[PDB]
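> Sequence first, structure after; it's an experimental one.
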Amino acid sequence: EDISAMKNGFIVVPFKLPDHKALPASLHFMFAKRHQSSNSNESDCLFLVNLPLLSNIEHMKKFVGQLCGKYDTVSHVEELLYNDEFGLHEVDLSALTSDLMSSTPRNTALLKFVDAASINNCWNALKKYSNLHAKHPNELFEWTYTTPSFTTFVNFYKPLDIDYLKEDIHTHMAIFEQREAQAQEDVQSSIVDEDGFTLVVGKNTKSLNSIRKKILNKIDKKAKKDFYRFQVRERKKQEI
Amino acid sequence: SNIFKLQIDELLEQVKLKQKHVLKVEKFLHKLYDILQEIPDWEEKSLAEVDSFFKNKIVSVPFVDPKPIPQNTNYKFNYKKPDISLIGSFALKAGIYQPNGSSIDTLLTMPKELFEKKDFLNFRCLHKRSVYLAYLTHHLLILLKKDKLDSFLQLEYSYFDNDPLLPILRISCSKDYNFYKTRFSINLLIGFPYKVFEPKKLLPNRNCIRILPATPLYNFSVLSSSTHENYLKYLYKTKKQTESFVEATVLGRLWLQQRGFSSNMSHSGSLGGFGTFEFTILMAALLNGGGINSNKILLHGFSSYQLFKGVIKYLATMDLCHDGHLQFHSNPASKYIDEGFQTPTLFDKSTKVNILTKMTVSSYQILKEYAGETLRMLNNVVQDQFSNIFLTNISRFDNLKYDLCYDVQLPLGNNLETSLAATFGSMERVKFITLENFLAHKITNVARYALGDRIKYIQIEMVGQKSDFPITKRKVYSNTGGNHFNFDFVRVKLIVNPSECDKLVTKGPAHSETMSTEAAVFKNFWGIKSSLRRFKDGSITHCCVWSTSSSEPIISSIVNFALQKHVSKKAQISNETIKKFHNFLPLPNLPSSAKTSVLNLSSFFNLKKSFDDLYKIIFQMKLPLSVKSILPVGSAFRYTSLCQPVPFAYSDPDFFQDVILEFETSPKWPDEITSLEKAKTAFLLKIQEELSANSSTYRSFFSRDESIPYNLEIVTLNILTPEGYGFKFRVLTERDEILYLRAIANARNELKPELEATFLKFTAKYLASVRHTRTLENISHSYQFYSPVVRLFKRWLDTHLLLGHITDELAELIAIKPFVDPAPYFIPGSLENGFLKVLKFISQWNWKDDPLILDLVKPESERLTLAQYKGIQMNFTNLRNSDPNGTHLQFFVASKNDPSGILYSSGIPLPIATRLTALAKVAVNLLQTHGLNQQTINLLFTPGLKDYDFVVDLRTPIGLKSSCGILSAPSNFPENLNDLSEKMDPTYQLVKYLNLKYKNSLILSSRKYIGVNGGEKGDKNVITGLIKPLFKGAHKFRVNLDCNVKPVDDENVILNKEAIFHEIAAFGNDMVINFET
Amino acid sequence: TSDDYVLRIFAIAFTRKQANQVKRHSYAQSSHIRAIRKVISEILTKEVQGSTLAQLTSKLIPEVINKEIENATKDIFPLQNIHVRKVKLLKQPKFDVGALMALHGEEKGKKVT
Ligand SMILES: Nc1ncnc2c1ncn2[C@@H]1O[C@H](COP(=O)(O)OP(=O)(O)OP(=O)(O)O)[C@@H](O)[C@H]1O
Ligand SMILES: [Mg+2]
């Protein structure tokens, strides 16, 4: 209870758990740290560890909302990056098999903010909220477990809207055909280097990348033992 | 052959008796012979005098029934010094070490002057022998007291080879001359001199008990008793000639013991009659001929393996009971005669003794089958069969060795009912000396005739039969018997015939103007149950019709009626063990479900007919690509679905049977994976809309599939047939396979194994699945009982919460092992027999070191050859080389379809794999301690549920048992297909998601089928978890923990069990009710 | 087949002239013929081995085998009238009444009195 920050620098952020009849003051504990990275999409972000089950951005909207009201700080979290509770998106099978249409830890995610003023506001608010559990455990915020996203996952057996599916297949097929068309023209367009080297492209080749991949993936028989004067002399040597 | 030869040597030395004990026993009975010589003689005595002589003595004469009465016993009795000798295996020095203990057979020859030429009539010789055994026992006793040896010797009477007519004295040692460590017991056999009685008078056809009917049993006992040293001398010669006689003999002895064969009589009921002596004599007979042309079948230069093979082959092929018999001369080349005596016969012209008189017809048929079965294993070259032939005991359990067992409790059991004792009469007494022999035949004949062709082999066993009695008593005492019948109850054991065990009508002789003898016996045998019926072909025959039931087989009804009508109207026949297993199969909610037999697959066929209607519709529609083929791969298409299909029963997990739809090869398929899947989905859209327009009576909808990891674009079309069946369609494209192989190649080296796992699941669903369903469907027809047992086996796994991690196809491959490879047992022919064999295999399966490889073929091509067979084991050694402990992979199941051997057995956590073996060991151990009964079966199918760390109870809002199609109900599909989920059970999906979230810390389990194992309403299911040992204790905080933990120190955290319960609670919503930690 | 049903298949194909062809004939070189024959034998062997006869007969009726042969051998040389000319049954295994009944999808008598 007295623990507010971990020595490695991860601040403990307890949450009050909901009340359920089957399960008659228990808490869940988060571990957070400021994130630094030159990458723009990863800039202005906050490490979060030990996320609750099915924690979306709409969840983060609520938690920051209570902190903003309680500590009168202006903080907006734009999106929650790298939120993979179940690891479905660990690998991108689309990107790996080809480049067209896809040019590209665990139990953690990156919480990006709208601006630096928002994240540093939240970090200061988070530090105070960490101190609360030691003094006043009652006023710890309450995590829901219920969202419009949550119920959709709950209803596993839902037939897909056929109208929605048809449109999705239509647009995806349309986009793929354009990219496939552009790639095939590029390879069979008489590519010439600046120093006048013309690339050799076989018929039916569709994408220049595959030529690169094909490259990456990939005298003794004509020699006579008895033809020269020295060869026959060598044979004469081994004969005796 | 060299491997076999070396393996034989290891067995002989292992069972070789320790020579020190030979000296220890030889030290004793050498002196015992001196004690016998001290025994003095008698004068002539009548029964009155000897009766007074033994009136006060502790010893009592073991007179054989019928005991001599003063009127017919006027012949006197006398004793004289015997000619002591040693016979049996010990004389030939061919014995082996037996933990239970062996016996030394010492023969005492009654001097010839004690007998008259007609002493073989009316038990006259037998009663003289019995008293001769008395003063031996009496005055042996006091000399043992004189020599102080009585402290550690226990003396008791016993029957030689369970022969009621040949009582003998047994000397045993309890805890210098103390030989208890030798585990030996000296048996004193009082034999007659050679050729006292004209052997021609003692032939099986002749009679020797006056009352005429023949007396084969009585004639054998006296004649064999007078021929002991002769056979020893005969066997001694052969041992000298051929060097491998003893090695062959010990192999035969070891083979016989594993099959539960002994030299004891079989007329009493116990399986036996063929022992080491009979095997040895047969080998000697074959060494001097044996063929129809009197040519030698065995040569003296043969090795142990060759001598054993010839004897086994001789029994397997040549018939010695019905058509043909073998004659040899102990004192002359052995020749096979074509004529048969209708009983097992190995005649000896020199001695006029039939060595197989103790061998019953019913037992002989089983012996021939076992010899034939081994001759196949012996000829096998692909697989080593040494362990199965010699190092596996099949006689431990009757249930495993026999398909069905019925115990018949006879009435008035301190003597049998007057009606029953009356049936014995004098006529059967002379034929059959004891009532037990008579009753054993009576049960066998009626049971054999009543069941007829429905069974292959029948055994009648008298449970609780004793063969040794105290010296103070004359005859063995049974607690139920009261000296009247030495058995508690009779048990009928059968080997059913699956093809025709469940025939509804028992055919009989055809009708004629004059009733034939066969027609007469058929009508008399069945009485009112008989009838004359006509069939569609127009034939008129006598047949009796029975009724099928889902709880018991037809054979139960037949034996119950057949025995009661003929044996006793008061008999109680009860086989409840089979009944419990039958009830454990879910009962489908179809018309006349209760009356349907468990071998009926009509429910599956009706599903297939609905598929064919949809099959025609799909082919005839016009699509951009022609439909190459539609392949059904669902569970119901191979007769393995746990609950039989039921129309409109969509709460069943297996309701939607998967189907593989393949189009003609094209070059227009997308080269990118997600485009390929969306291109596949585009084809399903046309199949949906064209089906919707042309055939409005069919309903359809789309659902997403995520079984293949990282391929999130799979969309499957579900078709709701009007008949009330569901089918799930998925498109297979030739480009799809190579796109995955492209994936493994292009992926980074550390990631390469993970993609291989994705490919492994893909081939399990799309490629290997078609091969699996094809072969299993074809094979299952030959193995009728495979479908019920695999369904019951899957039911057993679900109760213990194992199906969640064991893929259904792995369970089938384990469940088929007793069928394709029944050795050393027979193919299962009963639901009880099949299921227990599966458990027996799992209990003794050392999956760490032994691979499981199966030849999915019909009973004796596609059989695994030596090259393929060697290839697969090489794979196992390579895998175990990298995974010696088996943490990554536990079960190695391979076959022609799966040469890799890891396709169906990957991803199972180690605790689950050990739990599956742990439960199997417990299940077999429970059966050994407590015999198969109602309580034991319930304990098998009840889950302990206490080992798991925390247990969560769930209740569905509505009971799904009715909607699952299980008879303790919907009749049409809902108007809005969204209503389907309202009557579904998601907990299986719930556990799957939670496993993947808490993969590093928890192993959650649940019951896949709630309608079968969810109580009466089928609404209760339980989620059981297991915390790994690592995260159970406290750990230092690291970003790589990947676990939900709570701090205790600045750098110390512990698993937050309570918080996890919340996530399970909200993730279950209303369904969760209770927690138990 | 997978049912141990030994059978012999005969396939027949003919060359065809392209849409813009002007030559009277459409003969193929023996190298093309040997190449086409190898492809056909591979397809016939593959389908029979990976199928039961009941499955094999199910393939014969829609003539999906011929369309598969067309696409595979097409790049080698255009073809027409591709058909499975004949099918023979050389050997049969042990007769199985249970399997036969399943393919076709028992009965009490009537008392004669
Ligand atoms: N079926 C038989 N026919 C004729 N004689 C027999 C028969 N069975 C046993 N005997 C005689 O009884 C003697 C002892 O019989 P037993 O069956 O104990 O022999 P064994 O093979 O030495 O026994 P074990 O297996 O105990 O070592 C045999 O040597 C033979 O003389
Ligand atoms: Mg013996």
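Structure received. Numbers count the residues shown, from 1 in each chain, chains lettered A, B, ... in the order given. Ligands and ions are numbered 1, 2, ... in the order given.
> and the longest strand for chain C?
strand C:79-91 (DSSP state E).
> Over to the residue of the stretch 501-650 of chain B found nearest chain C. Which of the three states is it?
Using Cβ to the nearest Cβ, the single residue of the stretch 501-650 of chain B nearest to chain C is residue B:533, 3.0 Å away. Heads up, the C-betas are built off the backbone N, CA and C, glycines and all. Reduced to three states with DSSP: H, G, I helix; E, B strand; the rest coil, the structure at residue B:533 is strand.
> domain assignment for chain B?
Domain ranges of chain B: B:1-16+B:192-201+B:242-397, B:17-191+B:225-241, B:398-504+B:548-574, B:575-945, B:946-1077, per CATH domains of a matching chain.
> For residue C:85, find the nearest of those.
domain B:575-945 (20.8 Å; Cβ to Cβ).
> how long is the closest one from one end to the other?
Start-to-end span of domain B:575-945 (Cα to Cα, to the nearest Å) is 30 Å.
> thinking again about what came up before, dump the domains of chain B to a markdown table, plus distance to residue A:96 and mean neighbour count.
Output for these, formatted as a markdown table (distance: least, Cβ to Cβ, whole Å; neighbours: other Cβ atoms under 10 Å in any protein chain shown):
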| stretch | distance to residue A:96 | mean neighbour count |
| --- | --- | --- |
| domain B:1-16+B:192-201+B:242-397 | 43 | 19 |
| domain B:17-191+B:225-241 | 64 | 17 |
| domain B:398-504+B:548-574 | 52 | 18 |
| domain B:575-945 | 6 | 18 |
| domain B:946-1077 | 21 | 18 |
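> Looking at the ones you listed, spot the one closest to chain C.
Of the domains of chain B, nearest to chain C by Cβ to the nearest Cβ is domain B:575-945, at 4.0 Å.
> That closest one close to chain C?
Yes: against chain C, domain B:575-945 shows contacts by Cβ under 8 Å from any Cβ of the partner chain at B:601, B:605, B:609, B:619, B:626-629, B:664-666, B:770-771, B:774-775, B:778, B:781-782, B:784, B:858, B:861-862.
> which helix of chain A spans the most residues?
Assignment by DSSP state H gives helix A:162-187 as the longest helix of chain A.
> A strand includes residue B:493, no?
Yes: the assignment for residue B:493 by three-state DSSP puts it in a strand.
> ok, it to residue B:480 distance?
Applying Cβ to Cβ, to the nearest Å, the value for residue B:493 to residue B:480 is 20 Å.
> What segments of the stretch 701-850 of chain B are helices?
With DSSP state H, counting those that start in this stretch as the criterion, the stretch 701-850 of chain B has helices at B:734-746, B:752-762, B:768-782, B:786-799, B:808-815, B:817-820, B:831-844.
> measure the residue nearest to residue B:409 when sequence neighbours are not counted to residue B:527 for me?
Excluding the flanking residues, the one nearest residue B:409 by Cβ to Cβ, 6 or more residues apart in numbering or on different chains is residue B:572, at 4.4 Å. Between residue B:572 and residue B:527 the computed distance is 20 Å (Cβ to Cβ).
> ok so, going back, can you give the contact residues for the helix or strand following the longest helix of chain A?
Per DSSP states H and E, helix A:162-187 leads on to helix A:208-217 as the next helix or strand towards the C-terminus. With contact meaning Cβ atoms under 8 Å, 6 or more residues apart in numbering or on different chains, helix A:208-217 is reached by A:98-99, A:183, A:186-187, A:201, A:205, B:745-746.
> Pull out the buried residues from these.
A:98-99, A:183, A:187, A:201, B:746 (16 or more other Cβ atoms under 10 Å in any protein chain shown).
> Out of those, which is nearest to ligand 1?
Nearest to ligand 1 among the buried ones among the contacts of helix A:208-217: residue B:746, at 70.1 Å, using Cβ to the nearest ligand atom.
> mind listing what the residue of chain C found nearest ligand 1 touches?
Residue of chain C nearest ligand 1, by Cβ to the nearest ligand atom: residue C:94 (38.9 Å). Going by Cβ under 8 Å, 6+ apart, residue C:94 touches residue B:858.
> what's the distance between it and residue B:939?
42 Å.
> Take the domains of chain B and write them to JSON lines, including distance to ligand 1.
Listed next are these as JSON lines, based on distance: least, Cβ to the nearest ligand atom, whole Å:
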{"stretch": "domain B:1-16+B:192-201+B:242-397", "distance to ligand 1": "4"}
{"stretch": "domain B:17-191+B:225-241", "distance to ligand 1": "3"}
{"stretch": "domain B:398-504+B:548-574", "distance to ligand 1": "13"}
{"stretch": "domain B:575-945", "distance to ligand 1": "21"}
{"stretch": "domain B:946-1077", "distance to ligand 1": "47"}
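> Skipping its backbone neighbours, what lies nearest residue 91 in space?
No chain specified, so I'll use chain A. Here the residue nearest residue A:91, using Cβ to Cβ, 6+ apart, is residue B:710, at 5.2 Å.
> nope, chain C
Per Cβ to Cβ, 6+ apart, closest to residue C:91 is residue C:6, 4.0 Å.
> neighbours around that neighbour, how many?
13 (other Cβ atoms under 10 Å in any protein chain shown).
> pretty sure it contacts residue C:53?
No: with contacts counted by Cβ atoms under 8 Å, residue C:6 stays clear of residue C:53, the gap being 10.4 Å.
> Pop out the phi and psi values for the residue of chain C found nearest chain A.
Ranked by Cβ to the nearest Cβ, the top residue of chain C for proximity to chain A is residue C:75, at 10.2 Å. Main-chain torsions, residue C:75, degrees, to the nearest 10: phi -60, psi -30.
> give me every residue that touches it.
Contacts of residue C:75 (Cβ under 8 Å, 6+ apart): none.
> Can you tell me how far it is from residue A:204?
10 Å.
> Now do the same contact list for residue 113.
The chain I'm using is chain A. A:44-46, A:75-78, A:119, A:122.
> not quite, I wanted chain C
So residue C:113 contacts residue B:532 (Cβ under 8 Å, 6+ apart).
> Which residue is the nearest non-sequential neighbour of residue B:1070?
Per Cβ to Cβ, 6+ apart, closest to residue B:1070 is residue B:957, 6.7 Å.
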